[PDB]
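# Structural features, examined
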Amino acid sequence: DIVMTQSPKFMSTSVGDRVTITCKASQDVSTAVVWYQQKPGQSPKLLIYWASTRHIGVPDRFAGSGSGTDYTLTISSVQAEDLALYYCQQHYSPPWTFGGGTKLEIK
Amino acid sequence: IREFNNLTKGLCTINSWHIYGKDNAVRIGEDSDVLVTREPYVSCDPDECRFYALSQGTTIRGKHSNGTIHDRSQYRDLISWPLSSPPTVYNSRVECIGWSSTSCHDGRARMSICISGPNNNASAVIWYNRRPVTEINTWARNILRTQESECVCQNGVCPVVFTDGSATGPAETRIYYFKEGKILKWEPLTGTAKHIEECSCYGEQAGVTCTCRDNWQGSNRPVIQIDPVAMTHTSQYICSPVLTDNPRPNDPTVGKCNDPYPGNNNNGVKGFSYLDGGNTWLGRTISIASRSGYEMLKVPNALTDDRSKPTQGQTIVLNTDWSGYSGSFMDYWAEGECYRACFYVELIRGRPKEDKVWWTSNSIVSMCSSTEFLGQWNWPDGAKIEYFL
Amino acid sequence: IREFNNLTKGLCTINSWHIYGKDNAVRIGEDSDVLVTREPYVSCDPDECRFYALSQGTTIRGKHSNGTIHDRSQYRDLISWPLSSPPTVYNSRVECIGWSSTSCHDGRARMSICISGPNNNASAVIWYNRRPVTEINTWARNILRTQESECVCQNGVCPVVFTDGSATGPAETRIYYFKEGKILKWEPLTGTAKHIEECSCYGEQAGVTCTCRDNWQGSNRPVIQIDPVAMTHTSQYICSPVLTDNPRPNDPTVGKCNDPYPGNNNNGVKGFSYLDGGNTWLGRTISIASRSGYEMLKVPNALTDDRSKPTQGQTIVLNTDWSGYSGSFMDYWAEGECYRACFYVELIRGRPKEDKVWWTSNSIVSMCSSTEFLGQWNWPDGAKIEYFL
Amino acid sequence: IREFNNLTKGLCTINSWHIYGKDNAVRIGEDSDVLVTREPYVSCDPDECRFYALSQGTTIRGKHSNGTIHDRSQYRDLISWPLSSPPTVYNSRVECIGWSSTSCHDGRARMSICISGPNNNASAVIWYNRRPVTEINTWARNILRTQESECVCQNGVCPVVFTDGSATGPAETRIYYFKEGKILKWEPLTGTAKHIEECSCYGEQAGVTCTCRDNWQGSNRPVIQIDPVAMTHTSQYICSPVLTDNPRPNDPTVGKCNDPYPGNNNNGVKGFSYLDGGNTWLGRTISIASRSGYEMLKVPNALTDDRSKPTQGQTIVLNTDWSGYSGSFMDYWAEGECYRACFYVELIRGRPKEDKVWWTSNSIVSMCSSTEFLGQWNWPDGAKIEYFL
Ligand SMILES: *[C@@H]1O[C@H](CO)[C@@H](O[C@@H]2O[C@H](CO)[C@@H](O[C@@H]3O[C@H](CO)[C@@H](O)[C@H](O[C@H]4O[C@H](CO)[C@@H](O)[C@H](O)[C@@H]4O[C@H]4O[C@H](CO)[C@@H](O)[C@H](O)[C@@H]4O[C@H]4O[C@H](CO)[C@@H](O)[C@H](O)[C@@H]4O)[C@@H]3O)[C@H](O)[C@H]2NC(C)=O)[C@H](O)[C@H]1NC(C)=O
Ligand SMILES: *[C@@H]1O[C@H](CO)[C@@H](O[C@@H]2O[C@H](CO)[C@@H](O[C@@H]3O[C@H](CO)[C@@H](O)[C@H](O[C@H]4O[C@H](CO)[C@@H](O)[C@H](O)[C@@H]4O[C@H]4O[C@H](CO)[C@@H](O)[C@H](O)[C@@H]4O[C@H]4O[C@H](CO)[C@@H](O)[C@H](O)[C@@H]4O)[C@@H]3O)[C@H](O)[C@H]2NC(C)=O)[C@H](O)[C@H]1NC(C)=O
Ligand SMILES: *[C@@H]1O[C@H](CO)[C@@H](O[C@@H]2O[C@H](CO)[C@@H](O[C@@H]3O[C@H](CO)[C@@H](O)[C@H](O[C@H]4O[C@H](CO)[C@@H](O)[C@H](O)[C@@H]4O[C@H]4O[C@H](CO)[C@@H](O)[C@H](O)[C@@H]4O[C@H]4O[C@H](CO)[C@@H](O)[C@H](O)[C@@H]4O)[C@@H]3O)[C@H](O)[C@H]2NC(C)=O)[C@H](O)[C@H]1NC(C)=O
Ligand SMILES: *[C@@H]1O[C@H](CO)[C@@H](O[C@@H]2O[C@H](CO)[C@@H](O)[C@H](O)[C@H]2NC(C)=O)[C@H](O)[C@H]1NC(C)=O
Ligand SMILES: *[C@@H]1O[C@H](CO)[C@@H](O[C@@H]2O[C@H](CO)[C@@H](O)[C@H](O)[C@H]2NC(C)=O)[C@H](O)[C@H]1NC(C)=O
Ligand SMILES: *[C@@H]1O[C@H](CO)[C@@H](O[C@@H]2O[C@H](CO)[C@@H](O)[C@H](O)[C@H]2NC(C)=O)[C@H](O)[C@H]1NC(C)=O
Ligand SMILES: *[C@@H]1O[C@H](CO)[C@@H](O)[C@H](O)[C@H]1NC(C)=O
Ligand SMILES: *[C@@H]1O[C@H](CO)[C@@H](O)[C@H](O)[C@H]1NC(C)=O
Ligand SMILES: *[C@@H]1O[C@H](CO)[C@@H](O)[C@H](O)[C@H]1NC(C)=O
Ligand SMILES: [Ca+2]
Ligand SMILES: [Ca+2]
Ligand SMILES: [Ca+2]
């Protein structure tokens, strides 16, 4: 199984700034990385797939990236409603393995 | 025929699609000496149509099957065998040696082209009438590759699309013009197309159209039209919002004809389209992210319109089944008023998505068009990855 | 031949039957790559005779063999291979794709017809000279089916019997007339026949006779005579008390020519007969309830007489052995004063009756007639269901 | 052709080498019915090129594969099969029976020659047009042997080099001249060459050149030129310090043209060379002691100069991979201004060096020349001796 490791677990950024969430796999997963966002007390929304392609209607603030075993999700002009638990799933081989999440707190 | 062929006719009305061939290779392959292959295609002689594919030089059960994810190796061989049989050890015909290829009959004999090599010292040898006639070497030294479909010939001239260079950058594409295996001319890519890979070509009315893959930025395909009479070409993207590469962003409402449609970069999967005004049909995988499902959608004036949405469709492979590469082929020697339009879909099985086995492989489905509006079925490879364990 | 064929001759005197072919497929199949098939038949080119059958796309040993009881699937393919060989992966010729079929040579090239589909959106494509020429779609949307024997051609015109509709009700049968793959005419069933299925046809003297199956109420077969010159037909039942469908009630003393003979409904098994006055021979399974045994009985003026009991017979398969489908074929290009009359019997092995294996399959026996009164043998498939365990 | 062939053309400029064929037999052979062979070669009909080899009469997996180190046995058979397929049980064509052979097409039909026998009572039968025409018996009673490459024909006359005698002493070589299977003349070896074995021959400009093996003292090859028009020949050694037999002493700075170059005696491995002045290419194993690696080196005026060191090279098989026998072949019926120069390398696998299996066997690589200076790859047999355990 491929193993997605998310560190750090908590992130604080101020309203209007940048944050970036780092995800990493245990072998070259050849860019097959998806990012979900889980809003508190809601279901996940798929933001990005294939490391950087946005799903239908996640506004361009969210910028997926990466390569090999190291990927990252950047968010800009951080909104007080950006608070959520962010997870990377991988989508190269079965079974589709997630990360631990990162809570983005608003300073 | 005893004479070269001229593409005198035009396409017939595509109104639905009918099954033309299905080899069932992995299903049979669990117990016969079916060869591991990938990148298939189909091509017609004036006398018969055969399935062609890039062999990996091992049977699917054989222990050397493990690790066939690798595209290029020196155990790759371009083979052919009868229409709708499996690539069997005891009936494939090896056409030339290499890991990239195109093949097509000019009316008299056929040309096969197999590229072989180290990734920085690759070399093509242009076989004509089963004899090695010409050889071209790498101009940009980073993987010299060609079509993985059949080329079309006209009056002896068969244009062929070769790309050497980066699949991640600008590459160095070039159209070559063969007549009887010799190089008549070769010219560099021109047009608004940013990067060309794995071109799918059909010929009608003395013009050949190729629908390719932009690996770099495209999610909308580059179309190259080539004029085999004057040995000239141009390229553009397909204007339609209906995006056909895979992966892709979800289709816009307005598409893009003179630049890549921005979204999924450094990736694609070979494909085709029949581009003919009202009678345009585009093929695409259903998944925006994976080679699963295949469908044919009629999108009138797709090539030229930045607003063309579909008006009729047909399902070929369900989204719950796997697909892969697709390309165009036609029987130029089929007696008619017109050219029957056909395509094939490769059905990948194995690694990476079914990694419980260590081999990758495929079977083939192919359709041709009918003017009747026939009913549709959906055509699964069919094997159970669990009986190979 | 380089010219179309006219059925100029008439049958020869049937006086006994001699073995023409026996493939021994399941027996060999325990150790070679013999294909799982069912619904076989035989057809002759002007140059050679071959065995044709509907493949299930798996070897009998292969693990995908399990579950081949199902008649229709998209892994079915109509194949042919040499007379008296097994359907081998490495020598069958795939003729078209689908789960119903007919095929026959018009003298010049041959027509093959394979129906494919969902049960409510089925489609036939009429291949001529190994190229797809025409396609007809479902008129009644509940399983479009055709012969599972060979069709007969005359002067280019080959009538073909198609039934779409219910196998339990009124269905919607129709005779189609092909010349060179194109549809010359098509007309609805007519005559007193209540329901037509799986017609067996032979041609003599410029008329083609089909002996079919009434699934619905018949236990006596519908006979359709077709006139390929004027493209007309009529249907009736066979008058004889000698009932030939299976299952059936036990034979009466007076039979029925203008209605089904009442008794076993919603069921039958494909069959044939040579209908020629004094020289009429009917084939039937021996069991009134199961496809076991096969015999040929001479019942003079069977077609026209409600009292015709047999006068000579011959045993083909014992009642302790299994049989199945049967149909007529002839070598129209066999040099003679007359047409040698032949038939084939399919020999089913597997599920449901031998359910210790999970595959169904079959072999073939075929006979032609002799005027000598030869001795008889009885011709078992031959395999032991216990060596496959 | 319908007419005999005259070697009218001369060689083309050898500037690099391109892959012509690769059968991948041991790799496939782990799971198909690939035959155990050894001593391969290639030969061209006016209509097609095929791979020929000496079969050992067993499949590589079959249990009789064990012990195929032995060169001669009565289960040896000279076979042929299509270019770049494996020697498969179901598609090899047996050419004659024996353990030594040559074969070649004279333009009309082909001659095959298989020697069979006890080592002291051996007999050759010269088949022409697949019928046994002539037979020659042992003159020196200690293993009668011939080429293990193809012979060249000119105007019906095909010279063939036969050696009976000791492989450790003086043997008794003799050039025979066949026309249409009959013996036109035969003459004894002449020239400064001390001992001839396994001659490799190509024809150009109505002269045939053979590059052989001196088993006895040579580490530099004997070259025989034969004049097929006058039925005369001479022999000499190759002057170059570049030693090409295997084993060999390490190359001197001055070589030897009229005597064996002293160093490794009672041993060698069959080989070839294209001898043409500036355009001379010699092939050799890389190891001075073992059949591993194969390379082609251009050594101008090699034949005539005792100081010729190489000026361009190409790697065919790496030194970490195994090689074996090599020889020349050409397509005399290939349309050109000139003769394309080709060679094959046999790739031995098994005993004695990979004795974890009990069979010896091989696959084939073949190249032809290109005038372009193409890039090089290195072409491994490819199987893992560990999957056969
Ligand atoms: C007997 O057989 C006949 C003959 O085949 C049957 O009739 C045919 O039935 C077909 C399916 O019912 C029918 O196809 C449909 O045709 C319409 C035109 O009216 C066409 O729009 C449809 O195509 C869209 O929908 C399919 C799924 O339904 C999508 O997979 C496809 O991609 C098309 O939609 C996507 O792209 C559009 C264009 O940009 C967008 O507008 C749309 O929002 C959608 O977007 C998403 O999907 C994309 C791919 O997943 C993705 O990239 C994108 O980003 C979005 O996520 C469809 O083909 C035939 O027209 C009809 N033919 C005939 C002759 O009648 C008959 O029903 C059968 N009878 C029975 C009883 O079974
Ligand atoms: C050497 O070889 C030669 C050449 O083959 C041998 O001679 C042949 O031998 C045959 C068998 O001995 C012989 O066949 C018989 O011919 C008579 C005519 O005289 C014919 O009646 C027979 O057919 C009936 O009987 C068989 C069993 O014997 C039944 O299976 C068959 O169905 C026929 O009977 C059924 O239908 C009849 C018609 O309606 C009814 O009247 C009858 O009651 C019976 O009814 C039941 O059976 C049905 C099916 O099971 C069922 O539907 C129904 O409801 C009832 O339940 C038989 O074919 C050949 O005529 C003869 N030929 C020649 C040229 O001589 C020779 O003996 C061999 N020599 C040696 C030494 O071995
Ligand atoms: C893309 O592809 C192209 C096209 O192929 C590449 O260019 C080619 O590259 C080749 C290798 O780089 C090059 O070959 C070399 O050519 C020189 C001539 O300048 C030739 O001397 C070389 O041959 C000797 O060296 C090899 C190993 O390098 C030996 O294995 C060989 O036997 C030759 O040396 C031995 O014999 C000589 C003659 O007597 C002695 O002088 C020498 O001391 C040596 O002796 C030992 O070795 C013997 C065998 O092991 C043994 O018997 C003896 O006793 C001693 O122990 C070599 O072939 C091509 O010329 C070149 N061609 C072209 C058209 O450019 C290009 O590099 C590729 N590009 C990339 C980016 O990869
Ligand atoms: C070939 O297939 C074998 C299985 O047949 C693969 O074996 C695994 O390989 C890894 C190293 O990659 C070993 O550590 C595992 O223990 C093996 N186990 C299993 C269950 O497969 C092998 O890697 C495959 N690949 C190649 C190129 O040989
Ligand atoms: C395929 O064959 C297998 C045996 O190879 C069948 O397996 C049985 O299936 C039932 C369910 O139908 C299981 O509960 C049994 O335990 C299985 N056991 C045995 C002894 O066969 C399987 O059903 C077959 N059918 C298909 C369509 O796969
Ligand atoms: C044939 O192969 C077998 C193995 O399949 C060889 O068997 C060995 O033979 C020796 C005698 O030469 C025995 O003492 C060994 O115990 C055998 N063991 C093993 C592990 O192979 C046999 O020699 C081979 N040779 C022939 C000609 O039959
Ligand atoms: C084919 O087309 C060329 C022009 O493209 C024409 O000159 C030639 O004669 C044509 N030949 C045939 C058989 O149509
Ligand atoms: C075949 O029969 C038709 C009438 O059915 C006749 O006109 C035609 O000429 C015949 N041809 C041959 C070769 O018998
Ligand atoms: C072949 O060559 C001989 C002389 O070697 C000559 O007499 C003969 O006529 C030639 N034939 C052909 C077709 O060249
Ligand atoms: Ca792309
Ligand atoms: Ca009934
Ligand atoms: Ca020596």
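Residues numbered from 1 in each chain as written, not as in the entry; some residues may be left out. Chains lettered and ligands numbered in written order. Part of a larger assembly, values for the part shown. Heavy atoms only, no water.

Our working rule: UniProt positions are given in the numbering used here, feature names are shortened, and annotations may be inferred rather than shown by experiment.
By the naming in the PDB entry, chain B is INFLUENZA A SUBTYPE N9 NEURAMINIDASE, taken from Influenza A virus. This entry's official PDB title is "REFINED CRYSTAL STRUCTURE OF THE INFLUENZA VIRUS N9 NEURAMINIDASE-NC41 FAB COMPLEX". Checking UniProt for chain B, the heading Subunit contains the comment "Homotetramer." If you open the UniProt record of chain B and go to Sequence similarities, you find "Belongs to the glycosyl hydrolase 34 family."

## Digging into the coordination of the calcium ion (ligand 12)
As a reminder, the rule being used: Excluding water, the donors of a metal are its N, O and S neighbours within 2.8 Å, or within 3.2 Å for Na, K and Ca, and that exclusion means sites may look incomplete. Each residue is assigned to one of three classes by its accessible area relative to the maximum for its type, calculated with a 1.4 Å probe on protein chains only: buried under 20%, partly exposed between the two thresholds, exposed over 50%.
Only D:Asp214 (O), D:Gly218 (O), D:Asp245 (OD), D:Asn264 (O) and D:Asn267 (O) from the protein reach the calcium ion (ligand 12) as donors, at distances of 1.6 to 3.0 Å. Note on D:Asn267: relative accessible area 32%, which makes it partly exposed.

## Some points on the site of ligand 7
All names here are of chain B. Quick reminder of the rule: For this description, a residue counts as near a given molecule or strand if any of its non-hydrogen atoms is within 4 Å of it. Under this definition, polar contacts are N or O atom pairs within 3.5 Å; protein pairs additionally need one hydrogen-donor-capable and one acceptor-capable atom, and for neighbouring residues in sequence, both atoms have to be side-chain atoms. When residue character is reported, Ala, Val, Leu, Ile, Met, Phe, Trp, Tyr, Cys and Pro are called nonpolar, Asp, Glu, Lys and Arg charged, and the others, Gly included, polar.
Around ligand 7, the structure places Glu-3, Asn-6, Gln-154 and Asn-155. Contacts to ligand 7 include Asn-6, whose side-chain N or O atom sits 2.3 Å from an oxygen atom. At 3.4 Å, a side-chain N or O of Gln-154 approaches an oxygen atom of ligand 7. Among the residues forming the shell around ligand 7, the class breakdown is no nonpolar, 3 polar and 1 charged.

## Quick look at the coordination of the calcium ion (ligand 11)
Residue and element names in this part refer to chain C. Put simply, the rule is: By the criteria applied, helices consist of DSSP H or I runs no shorter than four residues and strands consist of E runs no shorter than two, each listed in order from the N terminus.
Within the protein, the calcium ion (ligand 11) binds to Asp-214 (O), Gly-218 (O), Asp-245 (OD), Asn-264 (O) and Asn-267 (O); these donor distances fall in the range 1.6 to 3.0 Å. We note that the donor set of the calcium ion (ligand 11) lies within a single chain, spaced as D-x3-G-x26-D-x18-N-x2-N. Of this pair, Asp-245 sits in the loop between β17 (232-237) and β18 (273-274) while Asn-264 sits in the loop between β17 and β18; the two residues are 19 residues apart in sequence, bridging distant segments of the chain. Grouping residues by exposure puts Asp-245 and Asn-264 together as buried.

## Re the relation of the copies chain D and chain B
The criterion, for reference: Their C-alpha atoms serve as the basis on which the copies are superposed by least squares. Any two residues whose heavy atoms approach within 4.5 Å are treated as being in contact.
You can overlay chain D on chain B at an RMSD of 0.0 Å; the transform is a turn of 90 degrees with a shift of 0.0 Å along its axis. Both copies are brought into coincidence by an operation consistent with a four-fold rotation axis. Distance from the rotation axis, computed per C-alpha, reaches its smallest value in chain D at D:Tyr90: 4.8 Å. Comparing interface residues between copies, only 7% of those in chain D also lie at the interface in chain B; the contact surfaces differ.

## Thoughts on the layout of surface pockets
Rule in force here: Space inside and on the surface of the protein is sampled on a 1 Å grid over the protein atoms alone, with a cavity defined as a set of points where a 1.4 Å probe fits but cannot get out and a pocket as an open set with protein on both sides within 12 Å along at least 5 of 7 lines; lining residues have an atom within 4 Å of a point. Grid points are joined across faces, edges and corners, and a volume is the space filled by probe spheres set on the points.
Reported here for the second largest pocket is a volume of approximately 1400 Å³. Forming the boundary of the second largest pocket are 46 residues, of which C:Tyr128, C:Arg130, C:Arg131, C:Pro132 and C:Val133 lie nearest the centre. Among the secondary structure elements, those contributing two or more residues to the lining of the second largest pocket are β24 (360-370) of chain B together with β5 (93-97), β9 (131-137) and β13 (182-188) of chain C. The leading source of residues in the lining of the second largest pocket is β9(C), at 6 residues.

## Points about the interface of chain D and chain B
Much of the literature gives interface size as the accessible area that the parts lose upon coming together. Using the following cut-off: Here the quantity called buried area is the accessible surface, traced with a 1.4 Å probe, that two parts lose on coming together, added over both. Salt bridges are defined as contacts in which a side-chain nitrogen from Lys or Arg sits within 4 Å of a carboxyl oxygen from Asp or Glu.
Facing the 41 residues of chain D at the interface are 34 residues of chain B. Note on chain D versus chain B: buried area summed over both sides is about 3200 Å², and carbon and sulfur give 54% of it. When the buried surface of chain D facing chain B is broken down by residue, D:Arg27, D:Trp377 and D:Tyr387 rank first, second and third, together holding 22% of it. Note that D:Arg340 and B:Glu135 form a salt bridge whose closest N and O atoms lie 2.7 Å from each other. Joining chain D to chain B, the criterion identifies 13 residue pairs in polar contact.

## Here we look at the interface of chain B and chain C
Between chain B and chain C, the contact holds 41 residues from the first and 34 residues from the second. Both faces combined, the contact of chain B with chain C buries some 3200 Å², and carbon together with sulfur accounts for 54% of it. On the chain B side of the interface with chain C, the three residues burying the most area are B:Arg27, B:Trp377 and B:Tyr387, jointly 22% of the side's total. Taken together, the links from chain B to chain C amount to 3 salt bridges. When the shortest N-O distance is used, the salt bridge between C:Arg131 and B:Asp331 registers 2.7 Å.

## Section: the packing of aromatic side chains
In plain terms, the rule: Between rings of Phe, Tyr and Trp, where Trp is taken as its six-membered ring, a pair exists when centres lie within 6.5 Å; planes separated by under 30 degrees are stacked, by over 60 edge-to-face, and by other angles tilted. A positively charged side chain is recorded as over a ring if its NZ (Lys) or CZ (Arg) lies within 6 Å of the ring centre. The angle to the ring normal must also be within 35 degrees.
This structure, assessed with the given rule, holds 65 aromatic pairs over all chains. Seen from their ring centres, C:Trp377 and C:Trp379 are 5.1 Å apart, and the 75 degrees between their planes marks the pair as edge-to-face. On the accessibility criterion, C:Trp377 (58% relative accessible area) is exposed. Where D:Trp139 meets D:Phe162, the ring centres are 6.3 Å apart and the plane angle is 80 degrees; that geometry is what we call edge-to-face. Taken together, the residues span a long stretch of sequence, with D:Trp139 in the loop between β9 (131-137) and β10 (145-146) and D:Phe162 in strand β11 (residues 157-165) at a distance of 23 residues. Taken together, B:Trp17, B:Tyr202, B:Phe272, B:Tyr274, B:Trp281, B:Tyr294 and B:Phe343 form an aromatic cluster joined through their ring pairs. Here B:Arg174 stacks its cationic end above the ring of B:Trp139, 4.1 Å away from the centre of that ring. Sitting above the plane of the D:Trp358 ring, D:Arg351 keeps its charged end 4.1 Å from the centroid.

## Here's the deal with the side chain of C:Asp77
Worth spelling out the cut-off: By the counting rule applied here, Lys and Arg register as positive and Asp and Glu as negative, while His and the ends of each chain are not counted.
Inspection of the secondary structure puts C:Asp77 in strand β4 (residues 77-82). With no salt bridge to any partner, buried C:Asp77 finds its closest opposite charge in B:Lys22, at an N-O distance of 6.6 Å.

## Here we look at the sheet that holds strand β1 (residues 16-22) of chain D
Hydrogen bonds between backbone atoms are what pair the strands of a sheet, whose relative direction is either parallel or antiparallel. Residues and elements named next belong to chain D. Heads up, the rule is: When DSSP finds two or more bridges between two strands, those strands count as paired. To get an axis, fit a line to the C-alpha atoms, keeping to the stretch in contact for a helix; angles then go from 0 to 180 degrees between the N-to-C directions.
With antiparallel pairing, the 4 strands of this open sheet are ordered in space as β1-β24-β23-β22. For this open sheet the edge positions go to β1 and β22 (326-329), each flanked by a neighbour on one side alone. This sheet shows a mean twist of 30 degrees between the axes of neighbouring strands, independent of strand direction. The pairing of strand β23 (residues 342-350) with strand β24 (residues 360-370) spans 9 bridges and is classified as antiparallel. When the sheet's bridge partners are listed, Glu-346 is paired in β24 with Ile-364.

## A few points about the site of ligand 8
Residues and elements named next belong to chain C. So the rule is basically this: Accessibility throughout is a Shrake-Rupley quantity obtained with a 1.4 Å probe, and a residue counts as covered only by protein chains that appear here.
All residues in the neighbourhood of ligand 8 are listed as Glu-3, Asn-6, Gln-154 and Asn-155. Contacts to ligand 8 include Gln-154, whose side-chain N or O atom sits 3.4 Å from an oxygen atom. For ligand 8, the protein covers 42% of the area, taking 370 Å² as the surface of the free molecule. For the shell around ligand 8, a count of residues per class yields no nonpolar, 3 polar and 1 charged.

## Examining the relation of the copies chain B and chain C
Once turned by 90 degrees and shifted 0.0 Å along the axis, chain B lies on chain C with an RMSD of 0.0 Å. Comparing interface residues between copies, only 7% of those in chain B also sit at the interface in chain C, which points to a heterologous contact through distinct surfaces.

## Some remarks on the state of the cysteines
Residue and element names in this part refer to chain D. Convention followed: Here, two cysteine sulfur atoms that lie within 2.5 Å of each other are counted as a disulfide.
Overall, the coordinates contain 28 disulfides over all chains when judged by the stated rule. Here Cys-104 connects covalently by a disulfide to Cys-151, the sulfurs 2.0 Å from one another. Note on the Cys-104 and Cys-151 pair: the S-S dihedral is about -95 degrees, so by sign convention the disulfide is left-handed. Residue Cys-104 is located in strand β6 (residues 100-105), and its partner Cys-151 is located in the loop between β10 and β11; the two are separated by 47 residues in the primary sequence. By relative accessible area, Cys-104 is classed as buried at 1%.

## Description of the sheet that holds strand β2 (residues 10-13) of chain A
Read across the open sheet, the 6 strands follow the order β2-β10-β9-β4-β5-β6 (chain A); overall the sheet is mixed. Strand pairing shows two members of the sheet lacking a second neighbour, β2 and β6 (53-54) of chain A, which therefore form its edges.

## Comments concerning the UniProt feature "active site" in chain B
All names here are of chain B. The UniProt record marks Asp-71 and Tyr-325 with the feature "active site", using the residue numbering of this structure. A stretch of 255 residues holds the annotated residues, and the largest C-alpha distance among them is 13.6 Å, short enough that they meet in one place. Mapping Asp-71 onto the fold places it in the loop between β3 (49-59) and β4 (77-82). A residue is classified by how much of its surface remains accessible, and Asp-71, at 40% relative accessible area, is partly exposed.

## Details of the pattern of salt bridges
For the structure shown, the criterion picks out 61 salt bridges over all chains. A salt bridge links B:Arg110 to B:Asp45, with the shortest nitrogen-to-oxygen separation between them at 2.9 Å. Taken together, the positions of B:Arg110 in strand β7 (residues 110-116) and B:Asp45 in the loop between β2 (35-44) and β3 put the pair 65 residues apart, joining distant regions of the chain. Between D:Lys194 and D:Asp259 there is a salt bridge, with the nearest N and O atoms lying 3.2 Å from each other. With D:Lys194 in the loop between β13 (182-188) and β14 (197-204) and D:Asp259 in the loop between β17 (232-237) and β18 (273-274), this residue pair connects regions lying 65 residues apart in the sequence. Of the residues examined, D:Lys194 reaches a relative accessible area of 32% and is grouped as partly exposed. By relative accessible area, which is 36% here, D:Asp259 ends up partly exposed.

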